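The lines below spell out each chain.
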Amino acid sequence: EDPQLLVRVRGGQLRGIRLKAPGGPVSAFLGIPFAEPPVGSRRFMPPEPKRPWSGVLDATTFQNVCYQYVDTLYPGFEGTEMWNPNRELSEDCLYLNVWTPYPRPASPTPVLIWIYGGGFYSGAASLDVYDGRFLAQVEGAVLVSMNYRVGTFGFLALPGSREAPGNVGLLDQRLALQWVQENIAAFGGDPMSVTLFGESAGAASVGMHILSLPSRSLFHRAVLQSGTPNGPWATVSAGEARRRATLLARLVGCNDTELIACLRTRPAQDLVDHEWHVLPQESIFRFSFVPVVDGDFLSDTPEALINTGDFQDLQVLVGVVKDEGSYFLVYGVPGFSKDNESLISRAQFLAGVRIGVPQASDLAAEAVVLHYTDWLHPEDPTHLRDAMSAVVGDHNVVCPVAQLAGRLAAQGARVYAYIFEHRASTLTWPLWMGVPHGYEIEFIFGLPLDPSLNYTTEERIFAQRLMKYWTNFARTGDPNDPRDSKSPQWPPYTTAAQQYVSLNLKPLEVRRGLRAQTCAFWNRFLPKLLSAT
Amino acid sequence: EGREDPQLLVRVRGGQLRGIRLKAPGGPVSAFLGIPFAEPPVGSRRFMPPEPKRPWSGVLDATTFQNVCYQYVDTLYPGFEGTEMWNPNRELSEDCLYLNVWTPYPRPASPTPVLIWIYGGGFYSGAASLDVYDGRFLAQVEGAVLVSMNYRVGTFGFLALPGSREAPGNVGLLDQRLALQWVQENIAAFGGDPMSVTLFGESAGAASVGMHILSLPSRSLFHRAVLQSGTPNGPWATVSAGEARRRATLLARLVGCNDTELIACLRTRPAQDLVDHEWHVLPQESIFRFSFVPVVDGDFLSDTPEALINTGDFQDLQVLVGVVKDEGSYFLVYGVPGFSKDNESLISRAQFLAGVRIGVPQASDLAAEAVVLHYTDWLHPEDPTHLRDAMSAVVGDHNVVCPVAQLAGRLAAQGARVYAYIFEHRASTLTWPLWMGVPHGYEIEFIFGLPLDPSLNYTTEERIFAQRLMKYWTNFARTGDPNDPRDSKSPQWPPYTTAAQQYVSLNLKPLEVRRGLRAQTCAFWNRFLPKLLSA
Ligand SMILES: CCN(CC)CCNS(=O)(=O)c1ccccc1F
Ligand SMILES: CCN(CC)CCNS(=O)(=O)c1ccccc1F
Ligand SMILES: *[C@@H]1O[C@H](CO)[C@@H](O)[C@H](O)[C@H]1NC(C)=O
Ligand SMILES: *[C@@H]1O[C@H](CO)[C@@H](O)[C@H](O)[C@H]1NC(C)=O
Ligand SMILES: *[C@H]1O[C@H](CO)[C@@H](O)[C@H](O)[C@H]1NC(C)=O
């Protein structure tokens, strides 16, 4: 019985496992229950604290993945399968994971808490890309990741109802945050230095904890990678949420109480089978069951809340990858595929815009086409292809990120912004997709340090730089290495100067204006245009 | 005659003329100035189509410029060369339908290509007698036969009650046309070739040239065309019949006046009374908008110029079009608060938003917002220097650059041979401040070859530049191609096409080929803006 792997938390004793990282051992405590299993009458319900247990709970292995849709686009293809569930699916899935250095830290150590993405319909803390052993070993970090309910199980809402109030997946996240406050000291973590970080829907989740009062005592700093609470996909109105929930009910043979009672009788896969039939338009980068603006978890729209808050106590690191939109084109836009260069016609570009901007009126669509067309070469297939990616990337990620950065900075927050531009040498997607949504993550987590993965020696060094930025931020609220010069320094993002840095193999380069002209179009003009219809 | 210069005596259809021997720097030229081409459009003839000049007896003296058509005189900067150079330099009169002819001395023995200049001035002003339109240099250096005519402007030339007999509209354009017909009949007497006639004009004159391209009865009267900083399409060059009627009746009201009775009352009014009130009839506070302009009538123009350049077969057409570097700047000091020739005109964001409403008076709030969105530098949204230059760009692109780009692309798509330029040289002699750059109208002195005048103090390099441009223009007039065939050495000027969109830069450096005439920005003005107005 290794006493380094034996921990007492409030619920009882745990036994972890000594894992090997390339440079030494780490302590891993995997599959710790933080909630009562949300099964049976508990489906759609807020999470309840896990009851205490007897003896020593085995925490040597990952627990089940929250029940979710599984991707079938490219079966066997690593580019897609890397995101697919790597453990059995179950509604019994509210478990978290803790990596610490071996042996347990001598002094209280800053905690990083990872919240996975996956469009609020998918994801798991057990994925190889979220492996916290490298950060734990190299940077001495205490890293936590939790599973949270996704899809209908996490976000089906009949706003106002008792039995499906909505946002329970976010409440799963919050309960794990509370668990960290109560228990992390036993692992050598400092509950007074907690940094949330996440990507895509996980970044949006991080943003919603910033905007939700009861979450504010649970962390001190935040990193939002390629995702925001504001924007076109991260939330729905109460009316649209109810609309989608009732439609789904009808589809599966089902007042709120009776409707939800019937839904709870249905096998999990029946719900998943019909998850995608409730979207109002044919679209991409749009998800059926996402957080709802209810007046509860969120007192108002994220756009409203980031515009009025006092965020002076907040430090935030936000950024995007070079090609945010490319991943999504192969999943719905005719003409795109990972198996060719996806050179498209102008008719295909126009068709793609209606799909990429599903809420657009004819005039709004024309405006987007006008902005992104190269009028010198308006029929060039290479430009039209890359512009289609830009439309989806800017609309859904880059410009909402720029807006969040600008808004938070204006309201007194300390903001650092980045663009991640390095394409992994081991990338399995074709060249035209560039640096796609999600492909900075393997570097932040230090996967190039894994000798079995065949990253270049430059990529190993690049990864260590990023781990240092991230952990320095967690420690200080400042990614800058507090012992360096001639670097150059990573300056805070401001509304005026709008400074951000490029993250690639080259040293930091300071740039100004995050797609400033283009994002002014998306953030300022487009809503006017939709309002006028 | 008998004791006079026998080389200055010429007969035309109306009778005998006596011209004058002028000195140009390289030698003498023949000038026949103030030749009447119409009966004076006075009294009962006011607002009426011109009637051909009835033959006169004896030898008419054609040695001096004639009257300027009655018009508003500019008062913004008294005694300032920058404005006064455009002001009338002869007596203002409704008796103003006269034309001028410059030829080599002695007159060419073989038929010589003819250039016909049509002045601009927003259809409310201008004269063929201005020093910047002096035809002696083109005549002497290039051997050109150059003709320029006065045409009625303002109410006198363009007040219209569409459908009426007594004020049918577009009579200023009919004046121009009558002059073209005069050239067809008489220019051979001067050594000119009526089978090789090239029209050129700037601003409203360029728009006029475009009207003649689009009007059927003008089409046998010329063979090639040059449009400098002006087009028949666009927001200022024409008004609808309903708006022309609206403006005419309002003007009538303002001077104390059934169309026949209204026009009859208008004819009793002193010329100056019409001028004193002509600027009170614009529907909005604006710049680059003129009260009395050509009207879309179904007659002179069978449809809007926009429709006409979209459906025509223009295979027979060779056309040279272009713009200057800073089309918008001149207009800012005349209507937008914060702008002046006497300071650097750095403006606030509030002054920029207000200027946009004035520079785009037809715009709804949403359209104006779109313009502001497009022209703002969102990295420095309140930078006064950028806002000032952006305001200029808004006015220049909207009124000139993008209508020119549209005209070039449309005509080329319909089969025409198009050559396009941007003129980027600022004269060393320019009296306007530096922030205005190369303003509307300031390529003209170079085309006409004024730098060749020793007394004007242009640089040696500017003299050479001027001679280059005169060659481009006369080559085009002669052949429909501005390039010199014997010079395969010097950079070639390629035709503008929709596919490649090639145009050249005109400056002190050799020709440089560029592609896309403000492609993104003009796509906004030409394609999107109209959609936005409709919604
Ligand atoms: C979490 C990183 N992410 C980065 C792409 C991969 C995971 N899938 S997804 O939800 O984003 C998604 C979107 C569209 C189509 C399929 C799909 F899985
Ligand atoms: C014909 C050359 N043009 C080139 C500028 C100078 C003549 N003035 S204008 O009609 O264009 C004009 C416009 C606005 C305000 C005053 C004004 F005279
Ligand atoms: C790429 O692949 C898809 C499906 O495989 C196809 O529809 C598309 O036409 C291809 N692109 C080409 C042929 O340019
Ligand atoms: C320049 O002059 C104009 C006209 O007098 C005035 O409106 C403007 O405020 C002046 N600008 C500056 C910076 O002095
Ligand atoms: C140029 O020559 C001299 C400069 O010394 C001056 O007297 C004359 O007025 C100038 N001419 C013009 C048109 O500026």
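Residues numbered from 1 in each chain as written, not as in the entry; some residues may be left out. Chains lettered and ligands numbered in written order. Heavy atoms only, no water. Residues with missing side-chain atoms left out of burial classes, pairs and counts.

- This deposited entry lists X-ray crystallography as its structure determination method and 2.10 Å as its resolution.

1. Structural notes on the packing of helix 11 (residues 346-356) of chain A against helix 13 (residues 381-410) of chain A
All names here are of chain A.
- It is the contact of helix 11 with helix 13, at a shortest axis distance of 10 Å, that shows an interaxial angle of 10°. Comparing their axes, helix 13 and helix 11 come out roughly parallel. Counted together, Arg346, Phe349, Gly352, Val353 and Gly356 of helix 11 and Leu384, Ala387, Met388, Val391, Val392, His395 and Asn396 of helix 13 form the full contact between these two elements.
- In the contact of helix 11 with helix 13, the residues fall into 7 nonpolar, 4 polar and 1 charged. (Axes fitted to C-alpha atoms, helices over the stretch in contact; angles between N-to-C directions. Helix = DSSP H or I, 4+ residues; strand = E, 2+ residues; numbered from the N terminus. Parallel < 35°, antiparallel > 145°, perpendicular 65-115°, else oblique. Contact = heavy atoms within 4.5 Å. Nonpolar A, V, L, I, M, F, W, Y, C, P; charged D, E, K, R; others polar.)

2. Notes on the UniProt feature "active site" in chain A
Residue and element names in this part refer to chain A.
- Per the UniProt annotation, the sites labelled "active site" are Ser200, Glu324 and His437.
- Within the element layout of this structure, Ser200 appears in the loop between strand 11 (189-199) and helix 5 (201-211).
- In this structure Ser200 touches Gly117, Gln225, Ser226, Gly227, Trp233 and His437, once residues within four positions along its chain are discounted.
- Within the element layout of this structure, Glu324 appears in the loop between strand 13 (315-321) and helix 10 (326-329).
- Apart from the residues within four sequence positions on either side, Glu324 is in contact with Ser226, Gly393, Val397, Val398, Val435 and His437. (UniProt positions renumbered as here; feature names shortened; annotations may be inferred.)

3. Topic: the sheet that holds strand 2 (residues 15-18) of chain B
All names here are of chain B.
- The mixed open sheet is built from 3 strands, whose spatial order is 1-2-5. Edge strands, defined here as strands with exactly one partner in the open sheet, are strand 1 (9-12) and strand 5 (59-61). Strand-to-strand, the axes of this sheet are offset by a mean angle of 35°, without reference to chain direction.
- Pairing analysis gives 4 bridges linking strand 1 to strand 2, with the strands arranged antiparallel. When the sheet's bridge partners are listed, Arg11 is paired in strand 2 with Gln16. (Pairing = 2+ DSSP bridges.)

4. Focus on helix 15 (residues 460-479) of chain B
Residues and elements named next belong to chain B.
- Along its 20 residues, helix 15 runs 29 Å from first to last C-alpha, staying within 8% of the 28 Å computed at 1.5 Å per residue.
- Among all positions of helix 15, only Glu462, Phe465, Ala466, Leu469, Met470, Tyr472, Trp473, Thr474, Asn475, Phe476 and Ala477 are buried.
- Phi turns positive, to about 85°, at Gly480, one or two residues after helix 15. (Expected span 1.5 Å × (residues − 1). Buried < 20%, exposed > 50% of the residue type's maximum accessible area, 1.4 Å probe, protein only.)

5. Details of the state of the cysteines
All names here are of chain B.
- A complete count under the given rule lists 6 disulfides over all chains for this structure.
- The partner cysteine of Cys69 in its disulfide is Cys96, sulfur to sulfur 2.0 Å. Linking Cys69 and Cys96, the disulfide has an S-S dihedral of approximately 90° and is accordingly described as right-handed. Taken together, the residues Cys69 in strand 6 (residues 68-69) and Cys96 in the loop between strand 7 (92-93) and strand 8 (98-104) connect sequence positions 27 residues apart.
- According to the relative accessible area criterion, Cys69 is buried, its value standing at 1%.
- Take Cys96: its relative accessible area is 1%, and that puts it in the buried class.
- Residue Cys257 pairs covalently with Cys265 via a disulfide, S to S 2.0 Å. An S-S torsion of about -80° defines the bridge between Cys257 and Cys265 as left-handed.
- Judged by relative accessible area, which is 25%, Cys257 ranks as partly exposed.
- Ordinal numbering of bonded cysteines along chain A defines a disulfide pattern of 1-2, 3-4, 5-6. (Disulfide = S-S within 2.5 Å.)

6. Some thoughts on the UniProt feature "disulfide bond" in chain B
Residue and element names in this part refer to chain B.
- Per UniProt, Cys69 and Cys96 form a disulfide, and the coordinates bear that out, putting the sulfurs 2.0 Å apart.
- Of the UniProt disulfides, the one joining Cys402 and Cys522 is satisfied here, as the sulfur distance of 2.0 Å falls under 2.5 Å. Of the two residues, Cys402 sits in helix 13 (residues 384-413) while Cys522 sits in helix 16 (residues 519-534), which places them 120 residues apart along the sequence.
- Residue class for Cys402 comes out buried when judged on its relative accessible area of 0%.

7. Overview of the site of ligand 2
All names here are of chain B.
- What surrounds ligand 2 is a group of 13 residues, the closest being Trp86, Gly121, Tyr124, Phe331 and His440.
- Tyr124 is positioned with one of its side-chain polar atoms (N or O) 3.4 Å from an oxygen atom of ligand 2.
- Relative to its unbound accessible area of 450 Å², ligand 2 is 92% covered by the protein chains.
- Per element, the largest residue contribution to the shell around ligand 2 is 3 residues, and it comes from helix 10 (residues 329-335).
- Looking at the shell around ligand 2, its residues break down into 6 nonpolar, 6 polar and 1 charged. (Near = heavy atom within 4 Å. Polar contact = N/O pair within 3.5 Å; in protein donor to acceptor, adjacent residues only side chain to side chain. Areas by Shrake-Rupley, 256 points an atom, 1.4 Å probe, with all protein chains shown as cover.)

8. Regarding the pairing of strand 9 (residues 109-115) of chain A
All names here are of chain A.
- By the criterion of burial, strand 9 is predominantly enclosed, with 6 of the 7 residues buried.
- When strand 9 meets strand 11, the two strands line up parallel, connected through 7 bridges. Its bridge partner lying in strand 11, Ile115 is registered against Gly198.
- As judged from the 4 bridges shared by strand 9 and strand 10 (residues 142-146), these two strands associate in the parallel manner. Within strand 10, the residue paired with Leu112 across the bridge is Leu143.
- Handedness of the strand 9-helix 2 (residues 133-139)-strand 10 crossover: right-handed. (Right-handed = clockwise from strand over helix to strand, strands pointing away.)

9. Some details on the sheet that holds strand 13 (residues 318-324) of chain B
Residue and element names in this part refer to chain B.
- An order of 3-4-8-10-9-11-12-13-14-15-16 is seen for the 11 strands of this open sheet, with the pairing classed as mixed. Across the chains shown, the open sheet's two edge strands, defined by having one partner strand only, are strand 3 (20-24) and strand 16 (512-515). Put simply, the sheet's adjacent strands are angled 25° from each other on average, direction ignored.
- Sheet topology note: the strand 15 (residues 502-506)/strand 16 ladder contains 4 bridges and is antiparallel.

10. A short note on the packing of aromatic side chains
- One pass over the structure, following the stated rule, counts 76 aromatic pairs over all chains.
- Seen from their ring centres, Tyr372(A) and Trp522(A) are 6.3 Å apart, and the 50° between their planes marks the pair as tilted. Taken together, the positions of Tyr372(A) in helix 12 (residues 362-372) and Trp522(A) in helix 16 (residues 516-531) put the pair 150 residues apart, joining distant regions of the chain. Across this residue pair, the class does not change: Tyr372(A) and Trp522(A) are buried.
- Here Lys338(A) stacks its cationic end above the ring of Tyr74(A), 5.2 Å away from the centre of that ring.
- The ring of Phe80(B) carries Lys341(B) above its face, with NZ or CZ at 4.1 Å from the centroid. (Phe/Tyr/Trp six-rings, centres within 6.5 Å; stacked < 30°, edge-to-face > 60°. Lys NZ or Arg CZ within 6 Å of the ring centre and 35° of its normal.)

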